[PDB]
Amino acid sequence: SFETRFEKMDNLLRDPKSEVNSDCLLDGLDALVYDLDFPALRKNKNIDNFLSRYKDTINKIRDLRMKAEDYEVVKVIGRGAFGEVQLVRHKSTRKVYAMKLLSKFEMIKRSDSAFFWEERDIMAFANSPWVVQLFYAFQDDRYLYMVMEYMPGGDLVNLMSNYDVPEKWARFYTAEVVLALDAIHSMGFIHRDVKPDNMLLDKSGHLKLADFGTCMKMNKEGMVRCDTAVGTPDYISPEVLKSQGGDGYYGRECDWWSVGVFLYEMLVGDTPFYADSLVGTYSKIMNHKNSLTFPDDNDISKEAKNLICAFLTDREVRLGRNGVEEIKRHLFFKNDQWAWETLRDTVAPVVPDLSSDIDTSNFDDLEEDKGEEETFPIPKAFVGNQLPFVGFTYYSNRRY
Amino acid sequence: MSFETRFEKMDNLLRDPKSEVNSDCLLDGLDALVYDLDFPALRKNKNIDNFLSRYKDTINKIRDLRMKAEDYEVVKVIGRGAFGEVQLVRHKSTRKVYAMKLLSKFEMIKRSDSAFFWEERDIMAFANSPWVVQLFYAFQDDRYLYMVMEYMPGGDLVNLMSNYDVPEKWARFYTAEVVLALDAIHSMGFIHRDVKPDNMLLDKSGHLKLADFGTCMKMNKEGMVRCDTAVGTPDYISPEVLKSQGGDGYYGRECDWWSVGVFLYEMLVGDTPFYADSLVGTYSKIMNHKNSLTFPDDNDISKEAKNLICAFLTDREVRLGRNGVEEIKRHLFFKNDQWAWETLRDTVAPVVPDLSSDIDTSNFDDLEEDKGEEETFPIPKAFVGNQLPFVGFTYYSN
Ligand SMILES: Cc1cncc2cccc(S(=O)(=O)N3CCCNC[C@@H]3C)c12
Ligand SMILES: Cc1cncc2cccc(S(=O)(=O)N3CCCNC[C@@H]3C)c12
């Protein structure tokens, strides 16, 4: 019909998940103008006319869309591999966020993933108390921007470094991680990178999973086919570490192995497979059968040792293989202060004491500025470097 | 300005029909970029190959839902333009009848002329005047631009002048309707620059509308325009525009009234006042208008008609219409006892067309057969950009 078509079209223009909604269409034009405004291409008639035809229109567009100078930087609080994360306040709304930056030139310069899509999709739609929420995402010719909620409590690395964690606490944080990963699994994802660095606490002291740069979608059988290893040297599982072209076909059990490494560190004080070098940890992990030993100290309860061992073993025997419910039924979690279905409603072991909306005490000092980072080379001919990052924007068509 | 304001100002721009960043214009820019990149030589670049591979399923579906050419059923060819034919069509779904104009993209690029359609698209779409032919829809593909307009069943004034010896009473009516039609186009801020019977069409009631505006321009601060172009049909073109060969000339809107004087002269005498065999001879007679403008040895033309034709066919600085349009209306030639200006298009027309159906094309002569195969674009080796001058043309109505 003539109306059914006009309707179907209006869906693809509004739906927050359309490949061509207002966010994607306003980006596509913004990408073209950016990737044409070079004197070596201005010699072409069509390009020179097009840029002069849209010059006044495109400068009005960029002044109205969300841009970097809309935010007031307060302090740098994190360093990612591709860009820093800074505590900012929106100049107009006065609201405080944690803004993440991603250098476009850097990611294009050999980072075989285009990973930002998976993290943008989860943090924006997950709608879970265990997942850090993405509020806005925008871009320009240099960086990608991810405006997320600020976690004032800090990461679990900072907590472990300033405390000797007792079992009561370890039980709480391990249980909150288990529910956090089960929520990510329900979305159809294997995390592949579970570690304290990616765990942050809110203003109440409860745990959330920040960063999802290594998340991948499971198939119908619930497995993942990968030819290259992914993760962190200490927390990586035996099957993900030996990932090769011969197969490389693992399930979600690898995530629970990392939770066992996480529990071991909170009690013992060190990683279960520490070494003098980095490549030593590798041999120690592949030989987990004989290398996994607890130090001579009576303070690790029988149950704690049992769970850590139930996680740190071969995939086929490893606990958590028959669903997440057999992990929750474990005796280590058997306590008398909370229940699973009401855990994030109970009072946290360490409640943070904050002075203001911008209290950054739980975050160690960084440097700021660094000068100016070099970006893409000025094109001689049409390169089209913004085409990969088209439609990353999350502003005009957000889900409410 | 607040954040709630900045967000909403942006959101309104995607629905505003006058906006250059409206939803249809943004959809054009993506539709275009896929055409001007999908060549096996440019697939070597991965940023392009990856961009095209993502929007495959998507851009194919977009080009399927939007208004396309096969949505209309062609009934008969009724007109021919420089860049493509104009055909009477019926929309297959709504069953409504329109006159659709076609413009070959490749042709406009080849002739180095792809910046005139904007002025006509803007007027016919927003003019909202009984004197202006209305544009309902405008869409495109990789080959032509499309302009869906209201069909004028009355035919052009050329066909009327060829089948009748136009009496003064009629000439008075049609000249007055042109004067009001041009005054409406002037109020929008435009000088027409191309007033002739070919561009005048009658509706089903027999009243005049200006169709085709492919040479209109926006007037500057003093209400004038500086331009430099060639000459197409110099029979109606004024002295000032002819002296503007280069861009050294600044002319006002009084050039449009000169053409109205040529229009009145033709309706009565029977021929153009400065006609010649060659194109350079027509020009020479226009420049020497003080001596070439004459009248036949038959006093069929009244005193008033002679006066008005002379008041229009003189130097710009003395030409009638310089001191506004009101001094033209006050002229004694128009002094009649049939109508008044403010109610003219409500009176009965001198020639009311007799129609048989919604597709009666009797007032339009049959048109040959173009037959000439349209040439296509050669496969690029770099970025050519043969779609950028045609982004933002698509337009829908409510
Ligand atoms: C400090 C911080 C504070 N508040 C919210 C955050 C949301 C995502 C990431 C961070 S972050 O910790 O800056 N961050 C990115 C740097 C790489 N290391 C992983 C880690 C999760 C936040
Ligand atoms: C026949 C016709 C019939 N109905 C509506 C029309 C609207 C615009 C142009 C035409 S048209 O006359 O086809 N036309 C274009 C060809 C060049 N000459 C100018 C003239 C106005 C219409």
# chains A, B, ... in the order shown; residues from 1 in each chain; ligands from 1
>>> residues_around(residues="range 59-64 of chain B", least_positions_apart="3", cutoff="8 Å", atoms="only C-alpha atoms", output="list in words")
residues 9 of chain A; 31, 55, 56 and 68 of chain B
>>> closest_atom_pairs(of="chain B", to="ligand 2", cutoff="8 Å", atoms="only C-alpha atoms and all ligand atoms", output="Markdown table")
| residue | atom | partner | partner_atom_place_in_ligand_line | distance |
| --- | --- | --- | --- | --- |
| B:78 | CA | ligand 2 | 1 (C) | 5.3 |
| B:79 | CA | ligand 2 | 13 (O) | 3.6 |
| B:80 | CA | ligand 2 | 16 (C) | 4.8 |
| B:81 | CA | ligand 2 | 16 (C) | 4.2 |
| B:82 | CA | ligand 2 | 17 (C) | 7.2 |
| B:85 | CA | ligand 2 | 16 (C) | 7.3 |
| B:86 | CA | ligand 2 | 13 (O) | 5.0 |
| B:87 | CA | ligand 2 | 13 (O) | 7.5 |
| B:88 | CA | ligand 2 | 3 (C) | 7.4 |
| B:98 | CA | ligand 2 | 5 (C) | 7.5 |
| B:99 | CA | ligand 2 | 5 (C) | 4.9 |
| B:100 | CA | ligand 2 | 7 (C) | 7.6 |
| B:101 | CA | ligand 2 | 8 (C) | 7.1 |
| B:133 | CA | ligand 2 | 7 (C) | 6.6 |
| B:149 | CA | ligand 2 | 7 (C) | 5.8 |
| B:150 | CA | ligand 2 | 5 (C) | 5.6 |
| B:151 | CA | ligand 2 | 4 (N) | 3.7 |
| B:152 | CA | ligand 2 | 4 (N) | 4.0 |
| B:153 | CA | ligand 2 | 4 (N) | 6.4 |
| B:155 | CA | ligand 2 | 1 (C) | 6.6 |
| B:156 | CA | ligand 2 | 12 (O) | 6.6 |
| B:198 | CA | ligand 2 | 19 (C) | 5.3 |
| B:199 | CA | ligand 2 | 21 (C) | 4.2 |
| B:200 | CA | ligand 2 | 21 (C) | 6.4 |
| B:201 | CA | ligand 2 | 21 (C) | 6.8 |
| B:210 | CA | ligand 2 | 21 (C) | 7.6 |
| B:211 | CA | ligand 2 | 21 (C) | 4.6 |
| B:212 | CA | ligand 2 | 21 (C) | 4.9 |
| B:364 | CA | ligand 2 | 1 (C) | 7.1 |
>>> residues_around(residues="range 281-283 of chain B", least_positions_apart="5", cutoff="7 Å", atoms="only C-alpha atoms", output="PDB file with N, CA, C and O atoms, in the first residue's frame")
ATOM      1  N   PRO B 234      15.970  34.672 -28.017  1.00  0.00           N
ATOM      2  CA  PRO B 234      16.179  36.105 -27.766  1.00  0.00           C
ATOM      3  C   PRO B 234      14.997  36.977 -28.199  1.00  0.00           C
ATOM      4  O   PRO B 234      15.094  38.203 -28.213  1.00  0.00           O
ATOM      5  N   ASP B 235      13.880  36.340 -28.544  1.00  0.00           N
ATOM      6  CA  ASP B 235      12.701  37.072 -28.978  1.00  0.00           C
ATOM      7  C   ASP B 235      12.073  37.855 -27.826  1.00  0.00           C
ATOM      8  O   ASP B 235      11.537  38.945 -28.019  1.00  0.00           O
ATOM      9  N   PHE B 274      10.770  41.806 -32.838  1.00  0.00           N
ATOM     10  CA  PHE B 274      12.160  41.911 -33.239  1.00  0.00           C
ATOM     11  C   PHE B 274      12.651  40.624 -33.916  1.00  0.00           C
ATOM     12  O   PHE B 274      13.826  40.272 -33.823  1.00  0.00           O
ATOM     13  N   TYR B 275      11.739  39.926 -34.593  1.00  0.00           N
ATOM     14  CA  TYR B 275      12.065  38.666 -35.263  1.00  0.00           C
ATOM     15  C   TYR B 275      13.065  38.832 -36.398  1.00  0.00           C
ATOM     16  O   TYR B 275      13.038  39.824 -37.123  1.00  0.00           O
ATOM     17  N   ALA B 276      13.936  37.837 -36.554  1.00  0.00           N
ATOM     18  CA  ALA B 276      14.851  37.764 -37.686  1.00  0.00           C
ATOM     19  C   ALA B 276      15.188  36.303 -37.982  1.00  0.00           C
ATOM     20  O   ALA B 276      14.942  35.422 -37.160  1.00  0.00           O
TER      21      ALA B 276
END
>>> residues_near_ligand(ligand="ligand 1", cutoff="9 Å", atoms="only C-alpha atoms and all ligand atoms", output="ChimeraX atom specification")
/A:76-87,97-100,132-134,146-155,196-202,209-212,363
>>> write_last_selection(atoms="N, CA and C atoms", output="compact mmCIF listing (two decimals), in the first residue's frame")
# COMPACT_ATOMS: atom_id res chain seq x y z
N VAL A 76 41.04 13.80 35.04
CA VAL A 76 41.22 12.53 34.35
C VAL A 76 41.25 11.41 35.39
N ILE A 77 40.41 10.39 35.20
CA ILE A 77 40.25 9.34 36.20
C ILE A 77 40.61 7.94 35.69
N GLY A 78 40.81 7.81 34.38
CA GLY A 78 41.18 6.52 33.82
C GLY A 78 41.95 6.60 32.52
N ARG A 79 42.74 5.57 32.22
CA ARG A 79 43.47 5.51 30.96
C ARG A 79 43.16 4.22 30.21
N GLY A 80 42.49 4.36 29.07
CA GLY A 80 42.27 3.22 28.21
C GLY A 80 43.38 3.09 27.18
N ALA A 81 43.42 1.96 26.49
CA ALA A 81 44.48 1.68 25.53
C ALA A 81 44.40 2.60 24.31
N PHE A 82 43.22 3.16 24.06
CA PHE A 82 43.02 4.01 22.89
C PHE A 82 42.63 5.45 23.26
N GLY A 83 42.40 5.69 24.55
CA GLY A 83 42.07 7.03 25.00
C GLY A 83 41.68 7.12 26.46
N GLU A 84 41.89 8.29 27.06
CA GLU A 84 41.63 8.48 28.49
C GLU A 84 40.13 8.58 28.81
N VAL A 85 39.79 8.31 30.07
CA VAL A 85 38.42 8.48 30.56
C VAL A 85 38.43 9.60 31.60
N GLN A 86 37.57 10.60 31.40
CA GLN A 86 37.58 11.77 32.27
C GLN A 86 36.22 12.11 32.89
N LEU A 87 36.25 12.51 34.16
CA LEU A 87 35.06 12.96 34.87
C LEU A 87 34.67 14.34 34.33
N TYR A 97 29.07 13.09 34.54
CA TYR A 97 29.23 11.80 33.86
C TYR A 97 30.70 11.39 33.83
N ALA A 98 30.94 10.14 33.44
CA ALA A 98 32.29 9.69 33.12
C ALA A 98 32.40 9.50 31.60
N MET A 99 33.16 10.37 30.95
CA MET A 99 33.25 10.35 29.49
C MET A 99 34.50 9.61 29.02
N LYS A 100 34.30 8.65 28.13
CA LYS A 100 35.39 7.85 27.58
C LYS A 100 35.73 8.34 26.18
N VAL A 132 27.11 -0.93 33.56
CA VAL A 132 27.29 0.52 33.53
C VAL A 132 26.52 1.10 32.35
N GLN A 133 25.74 2.15 32.60
CA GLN A 133 24.81 2.68 31.61
C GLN A 133 25.43 3.74 30.70
N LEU A 134 25.24 3.59 29.39
CA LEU A 134 25.64 4.60 28.40
C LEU A 134 24.46 5.54 28.20
N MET A 146 32.03 8.35 24.52
CA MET A 146 31.03 7.55 25.22
C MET A 146 30.73 8.14 26.60
N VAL A 147 29.54 8.74 26.72
CA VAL A 147 29.12 9.38 27.97
C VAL A 147 28.37 8.37 28.83
N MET A 148 29.01 7.95 29.93
CA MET A 148 28.47 6.91 30.81
C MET A 148 28.24 7.47 32.21
N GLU A 149 27.61 6.67 33.08
CA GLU A 149 27.44 7.07 34.47
C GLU A 149 28.75 6.94 35.23
N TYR A 150 29.03 7.91 36.10
CA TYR A 150 30.26 7.92 36.89
C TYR A 150 30.13 6.98 38.08
N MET A 151 31.11 6.09 38.23
CA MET A 151 31.16 5.18 39.36
C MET A 151 32.17 5.70 40.39
N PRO A 152 31.67 6.36 41.44
CA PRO A 152 32.53 7.06 42.40
C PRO A 152 33.26 6.11 43.36
N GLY A 153 32.85 4.84 43.37
CA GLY A 153 33.41 3.90 44.32
C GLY A 153 34.78 3.36 43.94
N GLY A 154 35.14 3.48 42.66
CA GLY A 154 36.43 2.98 42.23
C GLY A 154 36.41 1.51 41.83
N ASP A 155 37.53 1.01 41.32
CA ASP A 155 37.61 -0.39 40.90
C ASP A 155 37.97 -1.33 42.04
N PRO A 196 39.26 -7.65 37.99
CA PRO A 196 38.96 -6.55 38.92
C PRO A 196 39.06 -5.17 38.27
N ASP A 197 39.88 -5.07 37.22
CA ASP A 197 40.06 -3.81 36.52
C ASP A 197 38.75 -3.36 35.87
N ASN A 198 37.93 -4.32 35.46
CA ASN A 198 36.68 -4.03 34.77
C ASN A 198 35.49 -4.02 35.72
N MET A 199 35.76 -4.14 37.02
CA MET A 199 34.70 -4.08 38.03
C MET A 199 34.73 -2.74 38.77
N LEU A 200 33.62 -2.02 38.77
CA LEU A 200 33.56 -0.74 39.48
C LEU A 200 32.40 -0.72 40.48
N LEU A 201 32.55 0.07 41.54
CA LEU A 201 31.52 0.20 42.57
C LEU A 201 30.75 1.52 42.41
N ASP A 202 29.45 1.48 42.70
CA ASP A 202 28.63 2.70 42.66
C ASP A 202 28.71 3.48 43.97
N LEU A 209 29.80 -4.19 36.06
CA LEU A 209 30.81 -4.46 35.05
C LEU A 209 30.95 -3.29 34.08
N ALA A 210 32.10 -2.62 34.15
CA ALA A 210 32.42 -1.57 33.19
C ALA A 210 33.31 -2.15 32.09
N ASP A 211 33.29 -1.53 30.92
CA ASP A 211 34.06 -1.99 29.77
C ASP A 211 33.65 -3.37 29.23
N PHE A 212 33.36 -3.43 27.93
CA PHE A 212 32.95 -4.67 27.28
C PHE A 212 33.62 -4.81 25.91
N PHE A 363 39.93 7.35 43.20
CA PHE A 363 40.71 7.23 41.98
C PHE A 363 42.09 7.87 42.11
>>> interface_residues(of="chain A", to="chain B", cutoff="6 Å", atoms="only C-alpha atoms", output="list in words")
residues 5, 25, 46, 64 and 387 of chain A
>>> residues_around(residues="residue 319 in chain B", least_positions_apart="4", cutoff="10 Å", atoms="only C-alpha atoms", output="PyMOL selection string")
chain B and resi 254-255+257-258+310-315+323
>>> write_last_selection(atoms="C-alpha atoms", output="tab-separated table (two decimals), in the first residue's frame")
chain	number	residue	atom	x	y	z
B	254	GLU	CA	11.96	45.66	-15.01
B	255	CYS	CA	13.37	43.19	-17.54
B	257	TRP	CA	7.97	43.71	-17.90
B	258	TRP	CA	9.82	44.18	-21.20
B	310	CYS	CA	5.74	51.16	-26.24
B	311	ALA	CA	5.78	51.79	-22.48
B	312	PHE	CA	7.24	48.30	-22.03
B	313	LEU	CA	9.53	48.29	-25.08
B	314	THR	CA	11.87	51.15	-24.10
B	315	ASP	CA	15.05	51.74	-22.08
B	323	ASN	CA	8.16	52.60	-9.98
>>> select_by_dssp(residues="range 131-312 of chain A", states="strand (DSSP E)", output="list in words")
residues 134, 135, 136, 137, 138, 139, 143, 144, 145, 146, 147, 148, 154, 155, 189, 190, 199, 200, 201, 207, 208, 209, 216, 217, 224, 225, 249 and 250 of chain A
>>> write_last_selection(atoms="C-alpha atoms", output="JSON list (two decimals), in the first residue's frame")
[["chain", "number", "residue", "atom", "x", "y", "z"],
["A", 134, "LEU", "CA", 25.64, 4.60, 28.40],
["A", 135, "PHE", "CA", 23.65, 7.83, 28.23],
["A", 136, "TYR", "CA", 25.11, 9.53, 25.14],
["A", 137, "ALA", "CA", 27.55, 8.67, 22.36],
["A", 138, "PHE", "CA", 28.85, 11.17, 19.78],
["A", 139, "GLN", "CA", 31.87, 11.84, 17.56],
["A", 143, "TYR", "CA", 37.77, 10.71, 18.60],
["A", 144, "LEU", "CA", 34.68, 8.70, 19.51],
["A", 145, "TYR", "CA", 32.89, 9.73, 22.72],
["A", 146, "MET", "CA", 31.03, 7.55, 25.22],
["A", 147, "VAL", "CA", 29.12, 9.38, 27.97],
["A", 148, "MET", "CA", 28.47, 6.91, 30.81],
["A", 154, "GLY", "CA", 36.43, 2.98, 42.23],
["A", 155, "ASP", "CA", 37.61, -0.39, 40.90],
["A", 189, "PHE", "CA", 27.29, -12.80, 25.24],
["A", 190, "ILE", "CA", 30.48, -14.39, 26.56],
["A", 199, "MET", "CA", 34.70, -4.08, 38.03],
["A", 200, "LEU", "CA", 33.56, -0.74, 39.48],
["A", 201, "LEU", "CA", 31.52, 0.20, 42.57],
["A", 207, "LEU", "CA", 29.48, -3.82, 41.83],
["A", 208, "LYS", "CA", 28.95, -3.17, 38.12],
["A", 209, "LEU", "CA", 30.81, -4.46, 35.05],
["A", 216, "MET", "CA", 31.13, -11.56, 21.50],
["A", 217, "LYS", "CA", 27.74, -12.99, 20.51],
["A", 224, "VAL", "CA", 32.03, -19.22, 20.11],
["A", 225, "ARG", "CA", 34.36, -19.98, 17.18],
["A", 249, "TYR", "CA", 35.48, -23.55, 19.83],
["A", 250, "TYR", "CA", 34.68, -22.76, 23.48]]
>>> closest_residue(among="B:192, B:43, B:91, B:111", to="residue 381 in chain B", atoms="only C-alpha atoms")
B:43
>>> atom_distance(atom1="CA of residue 39 in chain A", atom2="CA of residue 40 in chain B")
25.7 Å
>>> select_by_dssp(residues="range 213-397 of chain B", states="alpha helix (DSSP H)", output="MDAnalysis selection string")
chainID B and resid 239:242 254:269 279:287 289:292 303:312 326:329
>>> write_last_selection(atoms="N, CA and C atoms", output="short mmCIF file (atom, residue, chain, number, x, y, z; two decimals), in the first residue's frame")
data_model
loop_
_atom_site.label_atom_id
_atom_site.label_comp_id
_atom_site.auth_asym_id
_atom_site.auth_seq_id
_atom_site.Cartn_x
_atom_site.Cartn_y
_atom_site.Cartn_z
N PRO B 239 16.92 44.17 -23.34
CA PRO B 239 18.20 44.79 -23.69
C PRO B 239 19.27 44.67 -22.60
N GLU B 240 18.84 44.82 -21.34
CA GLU B 240 19.77 44.82 -20.22
C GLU B 240 20.42 43.45 -20.00
N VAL B 241 19.61 42.40 -20.10
CA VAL B 241 20.10 41.04 -19.96
C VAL B 241 21.02 40.68 -21.13
N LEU B 242 20.75 41.25 -22.30
CA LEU B 242 21.60 41.06 -23.47
C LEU B 242 22.91 41.85 -23.37
N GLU B 254 12.63 45.00 -13.90
CA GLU B 254 11.96 45.66 -15.01
C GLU B 254 12.18 44.95 -16.35
N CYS B 255 13.13 44.02 -16.36
CA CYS B 255 13.37 43.19 -17.54
C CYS B 255 12.22 42.22 -17.80
N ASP B 256 11.54 41.81 -16.74
CA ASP B 256 10.39 40.93 -16.87
C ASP B 256 9.22 41.64 -17.56
N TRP B 257 9.07 42.94 -17.32
CA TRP B 257 7.97 43.71 -17.90
C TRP B 257 8.20 43.96 -19.39
N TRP B 258 9.47 44.07 -19.78
CA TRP B 258 9.82 44.18 -21.20
C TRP B 258 9.28 42.97 -21.96
N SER B 259 9.42 41.80 -21.37
CA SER B 259 8.96 40.57 -21.99
C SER B 259 7.43 40.53 -22.08
N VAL B 260 6.76 41.15 -21.12
CA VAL B 260 5.30 41.23 -21.15
C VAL B 260 4.87 42.12 -22.31
N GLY B 261 5.68 43.13 -22.60
CA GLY B 261 5.40 43.97 -23.74
C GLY B 261 5.58 43.25 -25.07
N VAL B 262 6.56 42.34 -25.12
CA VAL B 262 6.75 41.50 -26.29
C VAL B 262 5.58 40.51 -26.38
N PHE B 263 5.10 40.06 -25.23
CA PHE B 263 3.98 39.12 -25.18
C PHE B 263 2.68 39.74 -25.71
N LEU B 264 2.42 40.99 -25.34
CA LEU B 264 1.20 41.68 -25.77
C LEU B 264 1.29 41.97 -27.27
N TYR B 265 2.48 42.35 -27.73
CA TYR B 265 2.69 42.66 -29.14
C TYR B 265 2.39 41.45 -30.03
N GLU B 266 2.85 40.28 -29.60
CA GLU B 266 2.65 39.07 -30.39
C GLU B 266 1.18 38.67 -30.48
N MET B 267 0.46 38.81 -29.37
CA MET B 267 -0.94 38.43 -29.34
C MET B 267 -1.81 39.24 -30.30
N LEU B 268 -1.40 40.47 -30.59
CA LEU B 268 -2.18 41.34 -31.46
C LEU B 268 -1.66 41.35 -32.90
N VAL B 269 -0.39 41.68 -33.08
CA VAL B 269 0.19 41.78 -34.42
C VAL B 269 0.26 40.42 -35.10
N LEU B 279 19.92 34.08 -35.34
CA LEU B 279 19.85 34.43 -33.91
C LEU B 279 20.57 35.77 -33.64
N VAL B 280 21.65 36.04 -34.38
CA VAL B 280 22.37 37.30 -34.22
C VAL B 280 21.59 38.48 -34.81
N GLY B 281 20.70 38.19 -35.75
CA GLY B 281 19.87 39.24 -36.31
C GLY B 281 18.74 39.65 -35.37
N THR B 282 18.21 38.68 -34.63
CA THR B 282 17.18 38.95 -33.64
C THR B 282 17.78 39.86 -32.55
N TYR B 283 19.00 39.53 -32.14
CA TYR B 283 19.72 40.32 -31.14
C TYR B 283 19.95 41.76 -31.60
N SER B 284 20.37 41.92 -32.85
CA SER B 284 20.67 43.24 -33.39
C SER B 284 19.44 44.13 -33.44
N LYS B 285 18.28 43.52 -33.66
CA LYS B 285 17.03 44.27 -33.70
C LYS B 285 16.54 44.63 -32.29
N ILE B 286 16.91 43.83 -31.29
CA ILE B 286 16.56 44.14 -29.90
C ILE B 286 17.35 45.36 -29.41
N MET B 287 18.64 45.38 -29.70
CA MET B 287 19.50 46.48 -29.27
C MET B 287 19.09 47.78 -29.96
N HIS B 289 16.16 48.76 -30.79
CA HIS B 289 14.71 48.70 -30.63
C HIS B 289 14.04 50.05 -30.86
N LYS B 290 14.81 51.12 -30.66
CA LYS B 290 14.30 52.48 -30.86
C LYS B 290 13.92 52.70 -32.32
N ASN B 291 14.51 51.91 -33.21
CA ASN B 291 14.27 52.07 -34.64
C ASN B 291 13.57 50.87 -35.28
N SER B 292 13.74 49.68 -34.69
CA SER B 292 13.17 48.46 -35.28
C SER B 292 11.71 48.21 -34.89
N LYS B 303 -5.29 52.67 -29.57
CA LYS B 303 -4.28 53.60 -29.08
C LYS B 303 -3.64 53.08 -27.80
N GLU B 304 -4.48 52.61 -26.88
CA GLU B 304 -4.02 52.16 -25.57
C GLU B 304 -3.06 50.96 -25.66
N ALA B 305 -3.36 50.03 -26.56
CA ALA B 305 -2.51 48.86 -26.75
C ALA B 305 -1.14 49.27 -27.31
N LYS B 306 -1.15 50.22 -28.24
CA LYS B 306 0.08 50.77 -28.79
C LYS B 306 0.91 51.46 -27.71
N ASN B 307 0.24 52.20 -26.84
CA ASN B 307 0.91 52.94 -25.77
C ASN B 307 1.61 51.99 -24.79
N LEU B 308 0.92 50.93 -24.39
CA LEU B 308 1.44 50.00 -23.39
C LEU B 308 2.62 49.21 -23.96
N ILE B 309 2.49 48.78 -25.21
CA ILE B 309 3.58 48.05 -25.87
C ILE B 309 4.83 48.93 -25.95
N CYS B 310 4.63 50.22 -26.19
CA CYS B 310 5.74 51.16 -26.24
C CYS B 310 6.28 51.51 -24.85
N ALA B 311 5.39 51.52 -23.86
CA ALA B 311 5.78 51.79 -22.48
C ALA B 311 6.64 50.66 -21.92
N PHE B 312 6.44 49.45 -22.44
CA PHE B 312 7.24 48.30 -22.03
C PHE B 312 8.49 48.12 -22.89
N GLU B 326 2.07 48.96 -9.53
CA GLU B 326 0.80 49.68 -9.47
C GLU B 326 0.59 50.66 -10.62
N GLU B 327 1.68 51.17 -11.20
CA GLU B 327 1.57 52.08 -12.33
C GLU B 327 1.26 51.35 -13.64
N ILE B 328 1.51 50.04 -13.66
CA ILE B 328 1.13 49.21 -14.81
C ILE B 328 -0.37 48.92 -14.77
N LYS B 329 -0.87 48.61 -13.58
CA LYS B 329 -2.29 48.31 -13.41
C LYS B 329 -3.17 49.53 -13.71
#
>>> atom_distance(atom1="CA of residue 327 in chain A", atom2="CA of residue 123 in chain A")
25.7 Å
>>> residues_around(residues="residue 377 in chain B", least_positions_apart="6", cutoff="10 Å", atoms="only C-alpha atoms", output="PyMOL selection string")
chain B and resi 105-106+143+386
>>> write_last_selection(atoms="C-alpha atoms", output="tab-separated table (two decimals), in the first residue's frame")
chain	number	residue	atom	x	y	z
B	105	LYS	CA	21.39	13.79	-14.60
B	106	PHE	CA	24.21	12.86	-16.98
B	143	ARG	CA	19.65	8.48	-13.90
B	386	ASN	CA	28.35	12.58	-10.02
>>> atom_distance(atom1="CA of residue 165 in chain B", atom2="CA of residue 270 in chain B")
7.9 Å
>>> residues_around(residues="residue 273 in chain A", least_positions_apart="3", cutoff="12 Å", atoms="only C-alpha atoms", output="ChimeraX atom specification")
/A:233-238,258,260-262,264-265,268-270,276-294,312
>>> residues_around(residues="range 347-356 of chain B", least_positions_apart="4", cutoff="6 Å", atoms="only C-alpha atoms", output="VMD selection string")
chain B and resid 154 205 to 206 360
